[PDB]
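Backbone-built Cβ (ideal geometry, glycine too); neighbour counts: all protein chains shown. What follows draws every value from the coordinates through simple rules; no lab data is involved.
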Number of protein chains: 2
Amino acid sequence: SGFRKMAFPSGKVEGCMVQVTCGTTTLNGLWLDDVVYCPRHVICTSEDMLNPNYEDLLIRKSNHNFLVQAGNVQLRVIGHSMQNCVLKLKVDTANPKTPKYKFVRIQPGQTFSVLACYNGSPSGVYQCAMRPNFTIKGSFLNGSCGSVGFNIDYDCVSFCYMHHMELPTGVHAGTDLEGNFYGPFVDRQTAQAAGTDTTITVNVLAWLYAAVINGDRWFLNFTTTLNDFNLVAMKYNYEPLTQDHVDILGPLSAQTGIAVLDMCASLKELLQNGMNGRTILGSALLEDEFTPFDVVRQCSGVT
Amino acid sequence: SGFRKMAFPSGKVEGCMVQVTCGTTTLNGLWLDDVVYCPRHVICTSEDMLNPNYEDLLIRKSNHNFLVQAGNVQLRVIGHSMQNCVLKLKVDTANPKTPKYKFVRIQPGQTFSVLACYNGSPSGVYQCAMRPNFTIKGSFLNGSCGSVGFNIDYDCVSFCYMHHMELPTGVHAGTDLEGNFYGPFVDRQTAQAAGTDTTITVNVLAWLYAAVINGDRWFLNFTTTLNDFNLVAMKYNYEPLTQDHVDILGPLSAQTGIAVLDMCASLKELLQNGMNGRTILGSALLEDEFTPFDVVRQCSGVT
Ligand SMILES: C[C@H]1CN(C(=O)Nc2cncc3ccccc23)Cc2ccccc2O1
Ligand SMILES: C[C@H]1CN(C(=O)Nc2cncc3ccccc23)Cc2ccccc2O1
């Protein structure tokens with residue numbers, strides 16, 4: 001038993017991290033097959049990042065201006081093209097360590113693992129959630145640009161995130177692997193407002209089920225309507241709970257023998273009454289970085 | 001910026017996880033060079049685990065009674081020997097993916113990453129701390145026995161943990177890679193008391209420095225004696241703060257420009273006054289699973 005914030009095994013993603021150098025700027029890249037994916041603002045200097053014209057800047061760049069290092073190995077760049085906010089550098093060598101992989105774009109609330117890298121070398125791995133306002137509260141330093149987020153679906157790595165930028169708030173923004181930003185953000189150093197962040201309600205409910213499974217049960221009690229609890233959730237800046245959310249919580253409801261609405265009733269008084277100084281699974285706040293599938297992955301131990 | 005509980009890259013450890021089967025029992029093992037390390041209670045049935053005589057039980061076992069699977073590959077066992085609580089199975093093949101590695105025994109308070117495995121296949125990775133009473137609050141299911149904890153010191157994997165058992169509390173106990181249990185625990189299913197757990201004080205102080213580095217500073221204020229704050233710590237079941245602990249907090253003190261004693265004064269009122277409903281780095285409790293080296297690893301981004 002026990003419940004921890006668990007990240008996927010990062011082995012298959014480690015073998016795809018490269019070092020990309022252009023001009024003086026250096027950030028991380030993703031080498032799959034004979035293509036290297038990296039953020040496009042590698043072609044920018046510090047004066048460029050205030051308002052870069054990426055088409056005009058890339059036009060001054062040629063294949064030999066791109067230094068792709070794969071460990072001690074250095075790959076020959078034979079092509080380049082800008083797809084949205086990522087650069088796609090075609091190289092002569094295909095990556096021998098390429099896993100079976102897909103490119104996916106997650107929806108808000110979904111979770112993934114981040115392999116934080118610097119100069120193409122891995123440094124750490126952690127689990128996090130795509131906030132409703134399409135940001136992530138990550139751990140990123142200067143040079144972590146190019147690190148990727150991913151999920152693993154039985155020997156298949158689903159890349160969903162490439163880190164681009166830090167917002168002045170201290171939170172982070174990025175794109176999918178096709179270059180399209182999550183949220184209303186642009187790769188440019190100006191004031192950028194992240195929206196009002198809400199709590200992933202379906203995740204908090206899945207996390208309370210994981211606590212019942214693990215023995216902590218004091219928060220159980222009432223029932224409530226979906227409509228009635230949503231009005232409770234709206235006041236506490238929780239994102240509304242739809243019927244599909246109830247449907248996905250079905251297996252947890254059947255294993256626990258607690259109807260979804262009864263759990264929503266127990267959470268509604270958690271919201272209105274605080275926690276009185278107690279803890280759930282060793283946390284004094286309500287955790288929302290576990291999806292209903294995350295909870296049953298860990299409680300079932302899928303590999 | 002940002003601060004997350006970060007686990008080491010688990011790639012090098014993934015290539016050493018095997019499946020070990022003996023009788024009907026199956027758990028994980030560690031294949032380094034031509035030796036496979038696993039918990040010795042793999043030779044036990046469910047009636048054996050009440051009070052097993054491991055010498056008498058192992059004497060009935062021969063090399064062919066041991067099924068070591070390395071993925072689809074299955075290795076030939078040509079020797080076996082019991083070192084304390086681990087079994088050492090010599091195999092014909094040397095592991096081609098063996099990293100540069102050491103066997104170390106950590107002291108309490110030190111942290112490491114756990115690669116949770118089932119049937120020799122990795123499932124997740126998380127960061128945790130060896131509690132002062134030599135247990136870990138982990139995430140382990142039936143079959144996770146044999147998973148290892150480790151630190152990585154620049155391309156060198158230092159194995160320090162092998163998970164053996166769940167205590168009736170729901171916490172976990174294990175050994176070093178030489179078979180000696182952390183704590184007063186024996187591989188046998190009886191009532192086993194873990195000692196009074198204390199809070200790793202040197203870790204909480206390193207975590208408050210990481211918050212100052214990351215912008216959250218409201219908890220700063222006074223100074224206090226080492227002796228005077230230790231008496232504050234003793235009442236709140238914090239382990240005493242020695243001078244070496246102050247010495248290790250030096251670099252964080254010089255980067256932050258806050259003397260260690262002033263931080264101890266700020267923590268002492270955190271202990272006496274609670275947190276008033278606020279959060280530090282997004283946590284409503286005082287985190288103690290970050291060592292002073294963990295904090296500067298992440299704030300420096302070592303790879
Ligand atoms: C300069 C250009 C390129 N960017 C980065 O280098 N971003 C960073 C990514 N990760 C961690 C960081 C920590 C500290 C400073 C930047 C970090 C993204 C960016 C972030 C903030 C302001 C402007 C900006 O645009
Ligand atoms: C039976 C023998 C072998 N052991 C395990 O199989 N331990 C386990 C390790 N991890 C997760 C577990 C989750 C649920 C049940 C056991 C778990 C260790 C052990 C634990 C508890 C009681 C007795 C005992 O001794």
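Quick rundown of the values:
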| read-out | value |
| --- | --- |
| Enclosed volume per residue, in Å³, of the convex hull spanned by Cα atoms of region A:34-92 | 86 Å³ |
| 12 Å beta-carbon shell around A:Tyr126, net charge (K/R +1, D/E -1) | +4 |
| Cα-derived Rg over Rh, computed across region B:244-302 with Rh taken as Kirkwood radius | 0.98 |
| Selection from A:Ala206, A:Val296, A:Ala191, by position along the positive dipole direction of region A:153-303 (Cβ) | A:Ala206 |
| Of B:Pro132, A:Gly257, B:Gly71, farthest towards positive along the dipole that unit charges on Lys, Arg, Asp, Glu beta carbons give the protein assembly as shown | B:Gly71 |
| Cα-Cα pairs of region B:205-249 separated by more than 12 Å (percent) | 69 percent |
| Per-residue average of Cβ from other chains inside 10 Å of B:120-133 | 5 |
| Copy-to-copy label separations for B:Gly170, where each label sits 7 Å from Cα toward Cβ, in nm and ascending | 3.1 |
| From phi via Karplus (6.51, -1.76, 1.60), per-residue ³J(HN,Hα) for region A:10-20 in Hz, x at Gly/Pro | 8, x, 5, 7, 4, x, 10, 8, 10, 9, 10 |
| Label spacing, shortest first and in nm, from B:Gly282 to its equivalents in the remaining copies (7 angstrom along Cα→Cβ) | 1.8 |
| Bins of 10 Å from zero: percent of alpha-carbon pairs in chain B | 6, 26, 29, 20, 13, 6, 1 |
| For region B:5-49, the spread of Cα positions along each principal axis, largest first, Å | 39, 30, 13 |
| Selection from A:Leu30, A:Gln19, A:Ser1, by position along the positive dipole direction of region A:1-80 (Cβ) | A:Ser1 |
| Ranked by how many other beta carbons lie within 10 Å on average, peptides B:253-260, B:50-57 from highest | B:253-260, B:50-57 |
| Restraint check, A:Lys100/B:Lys97; A:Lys61/B:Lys5; A:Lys102/A:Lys137; B:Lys12/B:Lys268, Cα-Cα greater than 30 Å | A:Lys61/B:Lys5; B:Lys12/B:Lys268 |
| Fraction of beta bridges assigned by DSSP in chain A that are antiparallel (%, nearest 5) | 90 percent |
| Rule-of-thumb Rg ratio for region B:72-154 [Cα; 2.2 N^0.38 Å; N residues] | 1.25 |
| Helix-derived mean residue ellipticity, 222 nm - over the protein assembly as shown, DSSP H n ≥ 4, -39500 (n - 2.57), to 500 | -6500 deg cm²/dmol |
| Ratio Rg/Rh, restricted to region B:144-188 and using Cα atoms, in which Rh is the Kirkwood radius | 1.03 |
| Sparse-neighbour loop sites [chymotrypsin sites (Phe, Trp or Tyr not before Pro); region A:130-198; at most 16 other C-beta within 10 Å; DSSP] | A:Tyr154 |
| Label geometry 7 Å along the beta-carbon vector: B:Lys90 inter-copy distances in nm | 5.5 |
| Other-chain or far-sequence residues with amide H under 5 Å of B:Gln83's (modelled H) | B:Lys88 |
| Region A:253-303 and region B:96-126: distance between their alpha carbon centers, rounded to Å | 29 Å |
| Size descriptor, Kirkwood hydrodynamic radius, that averages inverse alpha-carbon separations across region A:160-259, Å | 16.5 Å |
| Region A:28-186 - share of DSSP beta bridges that are antiparallel (%, nearest 5) | 90 percent |
| Table column - 3J(HN,Hα) (Hz), region B:83-99, Karplus curve with 6.51, -1.76, 1.60, x for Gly and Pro | 9, 6, 9, 10, 10, 10, 9, 7, 10, 5, 9, 8, 5, x, 9, 5, x |
| Quotient of C-alpha Rg and 2.2 N^0.38 Å, computed over region B:184-233 | 1.81 |
| Environment charge of A:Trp31, counting only residues whose C-beta is closer than 14 Å and scoring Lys/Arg +1, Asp/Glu -1 | +1 |
| Charged-residue dipole, Cβ positions (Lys, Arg, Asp, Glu), region A:174-283 about Cα centre, Debye nearest 20 | 400 debye |
| Nearest-20 debye value, chain B charge dipole, Cβ charges on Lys, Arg, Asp, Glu | 480 debye |
| Check: the protein assembly as shown dipole with +1 on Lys, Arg Cβ and -1 on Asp, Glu Cβ, in debye | 640 debye |
| nm² value of the averaged projected area, convex hull over the Cα atoms of region B:1-159 | 10.4 nm² |
| All Cα pairs of the protein assembly as shown, percent lying beyond 46 Å | 18 percent |
| Equivalent-ellipsoid semi-axes of region B:90-220, from the Cα gyration tensor, Å, largest first | 28, 21, 13 |
